Structure formats: structure tokens, C-alpha cells
Number of protein chains: 4
Amino acid sequence: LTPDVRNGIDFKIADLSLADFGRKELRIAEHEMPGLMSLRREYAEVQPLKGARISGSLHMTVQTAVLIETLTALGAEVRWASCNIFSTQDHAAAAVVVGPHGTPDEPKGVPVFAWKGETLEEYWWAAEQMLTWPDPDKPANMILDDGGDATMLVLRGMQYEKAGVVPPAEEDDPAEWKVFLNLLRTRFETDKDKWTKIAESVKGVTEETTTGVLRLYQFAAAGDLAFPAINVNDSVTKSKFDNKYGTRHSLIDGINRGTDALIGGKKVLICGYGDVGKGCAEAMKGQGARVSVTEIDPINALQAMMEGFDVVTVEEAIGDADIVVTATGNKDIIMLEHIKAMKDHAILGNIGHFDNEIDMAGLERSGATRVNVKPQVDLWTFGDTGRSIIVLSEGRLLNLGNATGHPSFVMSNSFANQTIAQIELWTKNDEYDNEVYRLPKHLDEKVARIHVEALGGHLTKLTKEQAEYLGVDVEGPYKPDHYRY
Amino acid sequence: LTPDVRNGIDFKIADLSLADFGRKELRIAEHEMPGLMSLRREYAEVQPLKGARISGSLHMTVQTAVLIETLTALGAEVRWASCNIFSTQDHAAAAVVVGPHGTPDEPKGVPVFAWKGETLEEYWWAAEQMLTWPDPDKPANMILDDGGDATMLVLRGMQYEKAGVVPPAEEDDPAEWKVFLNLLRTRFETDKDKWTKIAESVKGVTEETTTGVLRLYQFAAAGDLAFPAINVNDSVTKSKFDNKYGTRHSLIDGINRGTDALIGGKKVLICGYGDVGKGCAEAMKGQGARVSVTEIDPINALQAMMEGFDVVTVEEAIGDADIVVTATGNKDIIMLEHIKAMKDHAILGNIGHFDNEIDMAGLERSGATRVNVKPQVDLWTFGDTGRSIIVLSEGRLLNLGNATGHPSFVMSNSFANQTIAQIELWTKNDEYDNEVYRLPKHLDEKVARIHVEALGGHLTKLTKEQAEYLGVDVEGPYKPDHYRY
Amino acid sequence: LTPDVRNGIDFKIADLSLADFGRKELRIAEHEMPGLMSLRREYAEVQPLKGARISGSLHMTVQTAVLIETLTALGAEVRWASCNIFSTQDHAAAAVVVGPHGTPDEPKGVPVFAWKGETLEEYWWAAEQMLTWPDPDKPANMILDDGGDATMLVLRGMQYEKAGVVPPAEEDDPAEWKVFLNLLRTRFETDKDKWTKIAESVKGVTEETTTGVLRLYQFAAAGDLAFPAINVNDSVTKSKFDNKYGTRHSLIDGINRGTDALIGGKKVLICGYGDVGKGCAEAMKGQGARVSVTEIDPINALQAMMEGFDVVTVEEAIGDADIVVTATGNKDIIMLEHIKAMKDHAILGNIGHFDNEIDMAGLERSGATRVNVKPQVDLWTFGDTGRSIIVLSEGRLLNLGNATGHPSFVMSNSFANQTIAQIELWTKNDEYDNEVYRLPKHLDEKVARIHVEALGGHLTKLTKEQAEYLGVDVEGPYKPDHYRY
Amino acid sequence: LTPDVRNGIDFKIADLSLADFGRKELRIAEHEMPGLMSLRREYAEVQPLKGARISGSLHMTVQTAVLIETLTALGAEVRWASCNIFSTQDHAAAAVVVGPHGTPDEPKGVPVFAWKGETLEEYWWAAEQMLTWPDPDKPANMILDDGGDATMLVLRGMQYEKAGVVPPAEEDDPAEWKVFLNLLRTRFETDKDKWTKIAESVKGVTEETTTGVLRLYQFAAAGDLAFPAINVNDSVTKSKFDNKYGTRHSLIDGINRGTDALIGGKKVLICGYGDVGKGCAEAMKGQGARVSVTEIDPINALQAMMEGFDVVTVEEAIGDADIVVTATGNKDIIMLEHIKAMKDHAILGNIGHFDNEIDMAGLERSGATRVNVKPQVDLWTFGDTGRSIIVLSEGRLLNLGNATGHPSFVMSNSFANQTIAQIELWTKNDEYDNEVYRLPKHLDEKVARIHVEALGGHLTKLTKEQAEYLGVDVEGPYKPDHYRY
Ligand SMILES: NC(=O)c1ccc[n+]([C@@H]2O[C@H](COP(=O)([O-])OP(=O)(O)OC[C@H]3O[C@@H](n4cnc5c(N)ncnc54)[C@H](O)[C@@H]3O)[C@@H](O)[C@H]2O)c1
Ligand SMILES: NC(=O)c1ccc[n+]([C@@H]2O[C@H](COP(=O)([O-])OP(=O)(O)OC[C@H]3O[C@@H](n4cnc5c(N)ncnc54)[C@H](O)[C@@H]3O)[C@@H](O)[C@H]2O)c1
Ligand SMILES: Nc1ncnc2c1ncn2[C@@H]1CC(CO)C(=O)[C@H]1O
């Protein structure tokens, strides 16, 4: 595995000749991303990210391409990889390397190391490529992360360097961990302070998703967070719109392309009822499914029941479920005994960040036989019961695996928030300690306002007396800090 | 007006002979309020509220009666009044005075000053009764408030005593403000220190609703909050359940009893899309309404659009609305000009805490003529256009004015939070400063767990491995502090 | 029991002084009933109902009152009674007897024999009063019927007159059949051809509901239909709108006023998924209920599954239902064995035409004890289990018994169909045989058009080319005769 | 163009090597089509279609593949073509040619003339191939039709042979009409009575869709219906399930794959509110869209209003619509003038049987310019306004053109009906005249029962007393002939 180089740009992608297709969809997406397009306009003169060297680890989609090109319009240099082995849209990756005025023979874009259907070894090689800038005097100085893999590589890397050794993996370790440690160990043989130096160069990280935010909280509580982080997941305009309405769009899209199964009339088990599980349940309910929900949290469980759903355990419900979706951000939700309990020709997938919600290692070592139907759709048969289960995307987040993830208008919210966070952390870096921050409410309301306007909504303007009555400025922010929407 | 006294209990209510009917509905309600019944059992031996003398200002309904009888079961003495002129359920008021083992001839319950259809003057006389305990050496030492009227009475009262004069009112003050000052001004002529003594005796206030919580944040900003306060509105199990799913139930109930108007096929305008407006929109949508929404907050506005509703102004939409509902907690939403814009036989109501959302003073002074249809339903005719508007509850919150407010199972959440807050504030008073607090998450989780259990929900339990992965205890709390559900 | 007579009108109602309150709601209802009002204008000069002496058996509500004064506006003379012992709105009965221009002292309306809370004896008495015109040479010449009770009295009465004997009642016959036969037997002692002469005078019947229609098909198949009948239920604008959307409104209204039980979060069982069951399920779903459905018809069952509802038997679901509603038009749906299986404080009600959907007779003889809570709400308790059930309206149709039935706007559809059917049979009587007929499609479209317009719907007009391509006239009808909508 | 031949099969498909993939999807579909599988078993020994030579014109999808191998399993020979240029799934075509036991090199399936993306020339050539059986001598004896193109070819073809002349194309009128006449006139040169003889030979036709049924009523009314026809569309289990629920599934799938446009928050315009329009509205609403509906029929319009949708004309709503879908079965819905009024990047599509709902010919002549994005997705730009429109599938039914059409479980209803009608007409042919017939109710109930059971629905069985009460047999049918569900 060696990078391709064309016109001084290193990259590794499926097919550069897809760029023309990619560029057409990027141009359509620009129309549906008023959040990103409005920031390009506002900040074009300013060039706020001049001097930034952004290493981004985030699903390489059409929507992420509009994000990358917003960061470049604003002055940044970037290097990119996908944060999932199946989530890259190859036409979009091609268009990013080529750029808006380039061609396949004369590319003018940025380094991308991403393609749909990477191996675990390829996935971590690409991550390192993305994190490794060409000039050893000029390493990465910002991270843009989705799920924390980039942050993990730099932070665990420095840890092993400081300790003089990369540990062995245990044989019972998850495959991906073994792959990951192998990369660190191999690099340690030839370069002894790689990750330490990169960690000292990173000015901040912006983290897009619930799972990665959890991991940041875990680093920070260990005293191991080496630079400022902005939790972009928990922008109101992100968590409450992307995780919820995005999923409401793209869950059924993933299931449609993977299976073409009728959803109406089917028993559907959704595991977890946070923002993700809420959109799942709503999408399924809208299509005529009979939905039940699982939960550990009594508050989220009570919401599920008030929304018309039984709240049940996997053990009691799994045998009746026509479709099973894991939405928890936890591990060990659907174990091999659960999968063996499923009815014949039931569908199983995961829409949480990591594949470990489903016991895929157990199913693979089970003695069940695998028949591939098409990309990211496998029929698994158990010889002892004779029952076959359809598994989507090998357990990896199925909306991006089997379809195209959330729609542009939704990602416009999430990516306007990331762009704002990148701009804040870069230009105002000396206002942040080595802690996890969220964006102020006035910026979340700014992102909302752009999208209401684009949809044709008419906001009401408070009169002077009304603002005084509420104790707010006419221009916001409108809600107290703990307000939950 | 003078109180009635029977068997040493002072009260003022419509009809003590309604006690038998009241008791029946209280007993039914006990079955639908596991949150309150669970607290009675748990704290029965402890008697945590022994010594408390709670002045309660809160809609005197069946649900409130079960709350009162929880506080007395747990050791408190109470005196009660309603926080709205139209919200009392007379049978429930009678049952509280009589108590579970009393009769109308031998009552064994608590002082209540409340009936449906109070005048403004009577409303404020009753609050004064409720706040004035019989032994001058043993004044109120706890307030339980809904909308802040009791708290306002004590704090403005003490303010004017400290100043040595009660302000005169301006001719352009609302009627209710004039009434309120008249009360304080009258009492100050014969008792110069009444409210100061009460204010010093009060060890804390618990506050049930958004409007009241705002007024608390406004007092604490002014240097003027004399005792700790718990913000019960913003327990997750209150705001996200009472304000939303409560209103989903009781908005259409109030409209039904008042008008029997078909909702399917009608255009409905909901002003505000916070928790209350969300419930409103959801109920109306479920009945086949064509719902549009008004908002000042682009985040809430963007949620409304994502839920299938146009976001519009009162100015553009008012002429087309079959039904108009204010849900803002703000004032001056529907002014005289808007009411005159409304189509013939359109319906107008408020479900926010105070009647000032609608310009009732302007309508009553306008020269429109009023025909009363039935209690809390009035038909107003404008002579110049010839159009008639149906107004519900004279602008007072219509769910409680035209119907019975939220159902028992919902109030059980709110009132379990209220009871917990009373217990915490009473038994641990020294741990609190003169600030607004919210309950810790683990107590909101406790409340939710009781109700999930009661409905037949089955919670999943985290393994030690899962809990470690998530950074949580197996027993909660399960979410970070800023989690919005 | 003896009729009152006042100013030349015989009647028996609760209270004439309710006339003013009734008249206000009648005038409000007129605005919500453009189907009826349009007909009054269209047929004002024509007087198509001159000569007609109409005996109506139909729930004496505000809506029926506007139907009555439409019939009189078009020339008819009427006599009225209700078709249910709990469905009369006493204020509407008073306004009908009084008239738009009468007073309680000098009434100028029509004979009404109806009040809320009739006994079975009083009910059948009133139905005889309604079918018995004062001049014996001018008997009833038309029937307007709901449930088929008036038609049954006339046709059975004649049958027993011809047989020379009214047969004794069987011991295990329902209480009401015993009362119905008493009425006939007692009248037959003194008047040997009363019902023959009325049945010979009746030119036609119009039947407004599914149950009455079934009985008309039954009479006609025995060769006992003495006059032509119009099936008004099966007009598209009746069945698809009244039975379905009317019920979506009034089912939850009845349950609210009777119990104030939270619907969200609760398990609800609907028996039957015809138009009524469909309306029930949708209402319940819209409020956050977890709905299951029972059915004998696999077509209606498949629809319910496609609509997100488990299809289940009474036996499997009864134990866990919080609310149970029967909507089948059939008998013996919830038997005593089921009621004994129900959970503590579960709610039981019927919304089909007759109370025999529920085994009330079994419950009354079971040894369960009854506590009345308020009118049409009874708590029944089994000492053996200690569990209690709330029964609504003694198993009588709960929407009209616990609330006000369907809203004016919906009833406007049904009652325009009935007015048109009355006109058609009266004026074109010799065009009909003694069979059951449905109105022609263009008259259904006519009724629909009126209400689309009233709601602000904008119809598109076919071009000449389009209408030719579809094979229809620009003015309709637009659908083939078997079209199901 | 010339058919391929391998191993005694003539065919014309994209690629035989796609058989393996096709066969996997076919085996998955068999599990989702219990209506078809139940019929294979029921009639396996009987072989009811022995002797039938069926010419089927129907979208060549995985579902139709399972119907084809049902017909052959039952003793028929078949020849197949798709009824739309874009709706063929190429891998299903290959699996049908190859058969369940053949190889790409020695196929053991049946003749198929179909690929995704035919020209109008190719479509009509394929239609002729499908209708022309190899033995002179032994021509088609059964037609299975969808849209009525096959029937039109046979019946109009005969009409010109009786006249002795195929008329001139003309300068204008549709481009497709020209192709159709061209094909006929070319054949008339060499074979003077081809179509007369095929028509004489055809015993009956089964017609799958509303549009083709309308065209049958048009032929029959002319007196030109040459053989018996079964109207399959209007089986209750077809129209109320396929047209409504299948569309609810496949409309958003089409739009998703074509555009990935967010549906939530967008204004959507659905033209027509019959079964397809119903399903369209419901899908969009479930995804959070703001839906409006157009109609010519006041009954259907009144339904849409009661379902929460404004009823509007194209002219009033076109300017603000984000997405526009035609679902009428009529022509000239969205004319060029409308397309010019649409907003920038609005999406336009048709889901009715034919493309003429949308003025494609006017668009193509208007001077707007087309950029192809990917197959069945075109961006058209008007240089005068600078605004662009996305058009799906060149205005052909978008669900099959941009995705996969309705799911197998849905198609299992329609295709069980089709198979049954084919058995009825083939085995009981002498009992039918040259008229349009619908299947009896018991057969509809039969189909629904299979799917209810498949989904785990549990029907209740009437007692003998209940069935007596309703006037029905325990085994059904349960409803009167005119019942609308
Ligand atoms: N009747 C009841 O049973 C009941 C139940 C709960 C709460 N309440 C009361 O309801 C009110 C609202 O409560 P909430 O929890 O929804 O509060 P909230 O703050 O969540 O929602 C109010 C919304 O109104 C909007 N708003 C403010 N001024 C406006 C204006 N001029 N026009 C349009 N929108 C505007 C705000 O942007 C906000 O999102 C408060 O008065 C509260 O005490 C009543
Ligand atoms: N794409 C698919 O998978 C699919 C499935 C089933 C049916 N169809 C096709 O869809 C079309 C519609 O089918 P249907 O079963 O809903 O028919 P339908 O007759 O039940 O409904 C069509 C509706 O269009 C309305 N309409 C007609 N002309 C109109 C106009 N100018 N403006 C506004 N509204 C108008 C009619 O009043 C009618 O109610 C037919 O072509 C049918 O063959 C397609
Ligand atoms: N039945 C009911 N009993 C008592 N309180 C009720 C009821 N229904 C709603 N509420 C209150 C009213 C309010 C604003 O004043 C709230 O916040 C609530 O929770």
C-alpha cells in the first residue's frame, strides 16, 4: 500500500475519473447546504483558517466534500480520511482530490485517503496518511474528528512513545485493536517521537459525534487531553437535528437499498432511545411498522412509552423481530445467542458509530455460513436451526454503509457547527484550556436561523416590552443555558 | 369575604357536600399516580416533613388533592389556594377539606381557599388566607408555588414594608395588579411587618412552572430572593412530560368541552413551540388539523418545520385561522387588532400560565358585545365587521378552565418531583443558599423509573463491562449533565 | 307517564327553560353545518317536504336539532324521539320544542319526547309518542331512523297484529325485548290495527347507521320491508367521514369527560376495524397510545397491520389492556369472563350502536358490586380478585353518553345526506320499490363539495381534454360506481 | 434488432451473467411473497394453467420474476416484456431467462425481452417479441397486462387490419404514438392479419392497474373488447394495499436514490388524492414534510383536508413547492408554464402509470437545457430565470425508474390476485362474456388472510350466534358487495 501522487497531491481513492459525477452532486449539495455557503460568504475576506493544517477523520461523503471545500475557501490546508471502512462515496472522494476547477489529469484539490470497502489494515494506513503531513517541520496543527479515531491514534501513540514500548495485543482482543497496535508498533521501530511531536503541534480538536465525545470525556478525566476540544455533537442544532431528523431520513434509506423489505406491518426492535433511536422509531412508525424499543435509561424509556412504543428487553423481543436496529453507542447489544434466536430472514443492522453493538466477531467464528448477496448485504445461515439472517454492512453504521448517510440539508447544520468550532479554536485558541467545550447558544441559534430562512419560515421579532418581560435581548439568546428544546 | 370554620378547619370553597364525589375521584387518581403513592410508602416511617408548614398556591384539582395528601402523609401541615380563578375542581376542594376519613359534618382535612369562578378580588383574598397561618408565632415556613403568585405576594409585600409605603397604581395598570396592590396597601394600614415576618420564616420555595421559574430568576438577579428555591419545572420528568404530553392530552379536551368544534380539516395557529406548543401541535396534528406555528426562537422554529409545520407570523396567518392557541409564556401575543382580523366564528384561547398572552383588556374595552354561552365560553361580536369570536376561559389557561387540566398519570411525574423537592429543601435546608437549584439527575431518574414500571415497561440493565464502556454506574445516572433528551 | 301540552305542542323533555342555552349552541352549530344551511336556501321556495309527517328516531343532540329545523324549513311536519337512553342533550331538546321564535311559556317548535337518562320503559313510551300522530286519519307518512328501532316497532307491531297475538317474552330474553313486547301487547288490548295502519301510511324510511342498515337488509330478505328505504350510512360522505373522522373526535372526548385517564403510554385494545374502529385507533394513536386491534375480517385486519397495529384476539390482549373499546356492530364481544380477566382500574366502553357488544347482563348478575362515580361512569369491583373496572355509559355508545357525540361539522355531512334522502323519497316516491337504495354518486359529491368549500379547499376543474381522457363529465361524477375511496 | 437464442430460449436482456445475483434476490423475495408461495403449493398437483401461453407486459422486477415462476410452476408457458422503458431490474431479467436450475450458458428459464433504459423503438419491439409466439399457428392465448399496452397493440392492431390500412403518424401528437403506428404499419406490409389471429386466440386478459382498467372500460364501451377481462386493480387487496401502501414505501425510495434530498421541513405538492396520492401524502407526512394536495374530486379533497392537508391548485402552490409529485392517472398536470414557475433546485416527478402527467415534450422544446446527473436524474436549466429543476426518470413512474418499485410483500397481494384471475379466466373461460369483471369477495379475503397470518396477525372466529347476528357465514365473505373498507 503506497499513496498515489498526481500533480503534487498525494491521495488514495477508488477512481479519479469519478470526479465529474462527484462535482455535479457537490454543486447540487451546495444549494442544500445554506449553512456552509453562508459561512464561505461571511468569512471569505477574513480568511480565518489561514495557516491551519487540518487532519480530518470523517465519512468521505458528498456532504463532507462541501465541508472540506468550506475549510479550504476559508484558508485552511487539509488532509482527509473516512472514519468508517464502508461510508466513503467514491465520486465525492474523487471530486475532493480534483477540486472545483481541476480535472482528473490536472487535479487541484486536497489529499484524501478513502474508498468504500477498505480493510481494517487499509483503514488504519489511511488514518496515518491523513495524520502525517509532508514537511516534518510542519505537522498537523488541528484535528477534525468523528468518533475519535484520529484523536485516539495521536493520544495513544504519544502514550506508548513516552513509555518506550507499544504493548502486545492479547489473542482475545478485537481485530481492529490488533490492527491499530500493529501500526503504532511498526512505526515505533523507525520513528520514536512521531506522535509526541504531532500531539504537541495540534492546537485543538473538534468532535462531531456522541461516541467520540464520550471518548474525549474519558481522556480528559484521565488527565490525558493534550489540547482543547470542542464537543460539536452537543450543539443543539447538531444533536437534535442530525442525530434525530438525519437518522429519520437515512435509516429507512439504508434498509431500503440493502433489502427492499416492506416496513409497514413488520415488528421492529430499536435498541436505544436517544436522539438516534428516536429518529429510527419515528421513521419506522411513519412507514407503518409496529415498533418496540429497548433502553437502560428510565427517562428515555418513559419518552418511548409516551410516544406509543412498548419498552422491552432484547431477550423477550428478539424472537419476534422482523427488523433489529442497534442505536445505543454502547457495546454488546446483540450477542450471538440473540442472533441465533432471530426468526428466519429477519434483518439485523447497527446505526451507532461502532460495529461492536452487534457481536460480529462471534457470528463470524460461529460456524454460520456466509452468502454475500451484494455489497454490504450478507445472508448468514445457522446449520443447526436452518435459519438465515440478513446482516447489513457487516455491523457498521448502515445508513452510510448501505446508502448515503444523512441528506445535505441536515448535514448543513452539523457542518456549519464544525466549521464554526474549527474557526473558534483556531482564531481564539488562547481562550481554551485542555478541556472539553461546547459552542455558545448564540452561535447555535445563528445556525438555526440560516436554515429557517432557507426553508421559507418567518420568525417573529420580539417587541421591546416583550424582551424585557422575558428577560432576553431582542437578538437572543432566547433560552436559559440548561434549556433542553 | 370571611372564612368558614368547621371542626377547627378554616376554608372557603363552593360546596362541602361535594366531598363524597371528590373522594371517589381522588381514590381513582391514587391508582394513576404511582409517583406520589410510592413516596407515601417510602417515607411513611421517616416523616420527613414533620414541622413543615407549607403554603401552597397551585390549581386545586383532583391531582393537586393527591399531592396535598402526600405532603400530610409525610408529616406536613398545609394551607392551600388555587393559582387561577377558573382552575379549581370544586369536588376535589371539598374532599381535601374533609380528608380521607372525615365527613362534611366532621371534616378532618386541611384549609383550602378555592372555588371555580373566583373574582380577582376573591382570588387575592384567598392567597392571603393561604399564606396567613393561624398562630402569629408559627408563620409559613415553606412555599409550594405554580406561577409565582405566592412568592410575589411575600417578596413584594416585604419590599413595600421595608420602604414604608405601598405604591399607588397607574390608571393603565392591569386590573389584577391594581387588585394585588390594594390588598397589600389595605393590610399595611393595620400590620406593618406581616410579609417581612413571613419572608424571614420561609425556609424555601419549590416552583412548578416555566413562568414561575422565570420570575424566580428575575428576583435572584435583583438581589431579592430571600430563601432558597428549587426549580421543579426543569426536572426532565416535568418539563418534557407535563408541559409536552400533558398539554397533548388536555388542550384538545378544553377545546372539546368549550366548543365541540371539529378539529380535523381546520387551520390551527399555535403561538410558541416550546414544550407546551410542541404538545399543542402534536394533539392538533393527531386530530387532523392543518397546523402552523409562530416562534421568536430559530431553534424551536426549525424543530417545528422538521415536524411538518409552516412557521408564520400572527400578522400573516391570523385571518385564516379556525382556531388560535397561545402557548408562549410571554405577553401581548394576540392583540385587539388580531382579534378583529379573525374570521367569523373562529376560536381563540390561551394555554400559557397567565391570561396576558391575549389582549383581554382591549377586547373588553373595545365595544365588542359579549354573549355568554356557558361557563368559560363567550361569544364576542364586533358591530363594524359583524363577526363573532368564541373566546375560552376569558383568556385564562383553557385546559384547566374549560376542562380538567392534565391527567393524573402525567401530574404524578410533576408532583413526585415537587414532593421530592419539598423533602430535600426541608430536611437539608442548610446546604442551600438563596439561589435557584434544580434537582440532581438521579432523582429525576427515580421518578421516571416508577412510571415506566407502572406502565409495564421493562428496563434493560447494564453489564459491568457496558457500564465501564459508557463511564456510568449500572444504577445511573446515565447521561451527562447537559443531556437534553 | 303522560305528555305535556303547551300552545298546541305535545312533548316530554327535561326542562323547557334550557331553551335559551340550547338556542345559542344551535346558532353556533348552524355555522358549522354548511351542508344543512345550503339545503335550507336551495329548497326554500320549493318546499319539497310539504305534506310530509316525519317521525324521527335519532339522538336528540344540538346537531339533530339543526337537522329538525331544516326539515321544518323545507315544509315537513315532524315528531321526534332519541334512539338512545343517554344520548339526548337536554338543552337541544328544549330549543327544538320552543322553536327559533317561541318561548318556554309559548313554544313554537315541534313535539320532542326525549331526555338524558331514560329508563327502558320511558324510552319505548317516547318512541310510541313519536310514531303516533294526533289525527288518526293523518298518521306518520315517513320515518327518519338511526339504529332501526322505529322501523322495528312499526314492522313487528304489524306482524303481531296480523298474527292476532303478541308473543310472551322468553326468560333469557334481554330486558329491553321484554319492555318492547310489553308496549305492543298493552297497545294491542285496545287498538288491534294501530301499526298496520301506520305501516300502510309510511311512504319511506331513511336509515342513518350501519346497524340499522343491516336490519333493513334482514327485513327485506324476509320479504317484510313494507316501504322503500334509503341506506344513508353507505353514502361515501357519511360512512368515510361520520363513522371514521367523527369517531376520531368523539371517542377520546367521551373517555376524557368520563375518566380523565391519560391515553399516552397506555395499552389500548380496539375491537373491530371498520370505519368506527379505524377512527378509534387513529384517535388513540394520535394521543400516544400503544394500540392493538381485534378483527374477524382478514382484509380489515391487514389494513390495521399496515397501519402499525398488532392484530390480536380479546383473550390474548384483555389481561394487559388499560382501555378496551368495542366498535364491531356485533354482539358478545367482551363477555364476563373477559371483564374478570381485566387489570385493576382498566376502562371498558362501547362505541357501536347497541350495548350488547358488552355482556352488561352477565356483569350485573356476576356478584361484582357497582359504585356510581357520576352519570354514565360506574366502578365495578370483583371481591374474589380485588380488581375494579370503570364501565362507561352502562355499555351504551360512549361518545354520546359521556360527551356530545360527533361535532357539528361532521354531522353536517350525515345530515345533508339524510335531508336529501328524505326529499328524494318524499318527492319521487313512485320511483322506488320496497327495497334498500343508496343515493346516487353526484349527490354524495354535492355534499362533499359544500364542505370542501367551507374549509377553504380549492378544487381543480378538469379541462375538456382531461375530462375526455378520463371518460367523465367536468361536473362529475368522477369515479366508477364501485370506487372505494 | 434481433433476439438472442441460447438452448432453445429466445430472449433480449442486458446481461445473462447477472443471473446469480438475481437468483439470490429472487430466493429472498420468495420468503416475502407468501401469497405467491401458498398458490404454488395449493395448485402444484392440479397444474391449472397447463395449455396456457401467457404474454405478460409488466415491469420486469424481482417481484414479477417470482410471479413468472409461479405461472410456470402452475403449468403455463410465458413470454415477457416490461411495461416501462426504465423499470426493468436487469438481474431479475437474467434469473428468469436462466431459471432456477439453468446456467448463463445453458439457460432453463423463459423468454424475456427487457432491460433498464430502452428507447421507445426498443420498448415497442420488445412488446412485439413478447406477443409473438414462435409457432404460427399456436399464438398467445392469454394476456397479463399492466397499463394496457399489450391489449392496445393486439386490439388496435386488429382494427387496422379490418380497415386494411394503418393511418399516417402525422406531424405532431406524441412521439410514442408515432413509434407504435410505425411498428404496426411495418408489420402490416408483410403480415396482413397478424393481430386479428392473435386476438381470436386470446381467451382473456388480466389487467393490473387503474390506468389500464380505465382503458378496458374505454374499449368495452366502444364495443371493441374482443375477449373477457379481469380488473385486478380493483381487488380490495390490490388497490387498497399496492396503490396505497406500496407507494407509501416506494415513493420516498425513488426520491432518495435519485436525489438524496431531505424531505423533513420541505413543502411537498402531491397532485391527486386517490390510492396512490394517499400513499404519497402519508409517506411524505411521516418524514416530516409540509404536504399539500390537489384534486378534482370533492370527496377525495375532503379526505385530504380531514387528513391534515391543504387542498390547493397547481397554480397557487407550484411557486413554493420543494418537491412536486403527480399521482393522477390523467394528463397535462404539470405543464411547461408550471415548470417555469418552480423554485431553484425543486424536484419534479411522476408516479402515475404514464409520463404524460408531466409536459415533457413542452420541456424538451422550451429551450431549457438538460445536464444528466446519473441515470434517471436530469438537471434542466432555464437561462431566462437562471433557475434549475431536477426531473426524475424523464417523467416516467419514478418509484420503478429511480429505485425498485414496491416491496415484495406488497406485490405478493397484487400478484396473488393476478395469478388467481389468470386461473379463473383460463379454467372457467366459458362463464365469461366480452366484458370487464372483478374477482369475487371470498378470493380477496383469501389473499388477505395469507398475509395477515404471514405477519403474525391473529384473526378472531365468529361464533355461530355472531355470524347469524351479522347475516354472514363464519368463513365469510364478511362484507356487502359495495363495502369500501
Ligand atoms: N396549561 C398548562 O397545563 C401548562 C403546562 C405547562 C406549562 N404551562 C405554561 O406554558 C407557558 C409555556 O411553557 P413552556 O414550558 O412551553 O415554555 P418554553 O419557554 O419552553 O416555550 C415558550 C416558547 O414561546 C416562544 N415565544 C416567546 N415569545 C414569543 C412570541 N412573541 N411569539 C411566539 N413565540 C414566542 C419561545 O421562543 C419559546 O420556545 C408558560 O407560561 C408555562 O408556565 C402551562
Ligand atoms: N407507480 C406505481 O407503483 C403505481 C401503483 C398503482 C397505481 N399506479 C398508477 O397511478 C395512477 C393513479 O392511480 P390511483 O389508483 O390512485 O387512481 P385513483 O383514480 O384512485 O386516483 C387518481 C386521483 O387523481 C385525481 N385527479 C384526476 N385528474 C386530476 C387533476 N387534473 N388534478 C388533480 N387531481 C386529479 C382523481 O380525482 C383521482 O381521485 C394510475 O395511473 C395508476 O395506474 C401506479
Ligand atoms: N390537573 C392538573 N392539576 C394541577 N396542575 C396542573 C394540572 N394540569 C396542568 N397543571 C399545571 C398548570 C401549569 C401552569 O400553571 C403547570 O405547569 C402544570 O403542571
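By convention in this document, chain letters (A, B, ...) are assigned in the order of the sequence lines, proteins followed by strands, and residues within each chain are numbered from 1. Below, all heavy atoms of this structure are taken into account, side chains as well, without hydrogens, waters or symmetry copies.
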(request) For each of D/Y273, D/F309, D/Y478, tally heavy-atom pairs with chain C at distances under 4.5 Å, and name the one with the top tally. (result) D/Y478
(request) Give, for atom CG of D/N330 and atom CG of C/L462, the distance between the pair rounded to the nearest 0.5 Å. (result) 6.0 Å
(request) Could you check which of D/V447, D/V236, D/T237, D/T294 has the highest count of heavy-atom pairs closer than 4.5 Å to chain C? (result) D/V236
(request) Pick whichever of D/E282, D/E315, D/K446, D/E307 has the most heavy-atom pairs under 4.5 Å with chain C. (result) D/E307
(request) Can you measure from OH (D/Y245) to CD (C/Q303) and round to the nearest 0.5 angstrom? (result) 5.0 Å
(request) Output the option from D/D481, D/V314, D/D444, D/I299 having the highest count of non-hydrogen pairs under 4.5 Å with chain C. (result) D/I299
(request) Please state whether the side chain, the backbone, both or neither of D/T210 comes within less than 4.5 Å of a heavy atom of chain C. (result) neither
(message) Looking at chain D, which one of C/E465, C/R449, C/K331 has the largest number of heavy-atom pairs inside 4.5 Å, strictly under?
(response) C/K331
(request) Locate the shortest heavy-atom distance separating D/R484 from C/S235; write the atom from each residue and the value. (result) NH1-C, 4.3 Å
(request) Measure distances from C/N233 to the heavy atoms of chain D and classify the residue's part below 4.5 Å as side chain, backbone, both or neither. (result) neither
(message) Counting heavy-atom pairs closer than 4.5 Å to chain C, which one of D/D275, D/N300, D/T328, D/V312 comes out on top?
(response) D/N300
(request) Kindly give the heavy-atom pair with the smallest separation between C/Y469 and D/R215, and that separation in Å. (result) OH-NH2, 3.3 Å
(message) Using a 4.5 angstrom heavy-atom cutoff, name the option from C/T211, C/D297, C/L214, C/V311 with the most pairs to chain D.
(response) C/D297
(message) Among D/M305, D/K461, D/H451, which residue has the highest count of heavy-atom pairs closer than 4.5 Å to chain C?
(response) D/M305
(request) Compare every heavy atom of D/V452 with every heavy atom of C/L302, then report the nearest pair and how far apart it is. (result) N-CG2, 3.6 Å
(message) Given heavy-atom pairs under 4.5 angstrom as the criterion, report whether the side chain, backbone, both or neither of D/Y217 touches chain C.
(response) side chain
(request) Please determine, among C/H458, C/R248, C/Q218, C/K479, the option with the most heavy-atom pairs under 4.5 Å with chain D. (result) C/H458
(request) State the OG-OH distance between D/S239 and C/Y483, to the nearest 0.5 angstrom. (result) 8.0 Å
(request) Measure the shortest side-chain to side-chain distance between C/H482 and D/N231 over non-hydrogen atoms and say whether it is less than 4.5 angstrom. (result) yes
(request) State the CD1-CG distance between D/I296 and C/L459, to the nearest 0.5 angstrom. (result) 9.0 Å
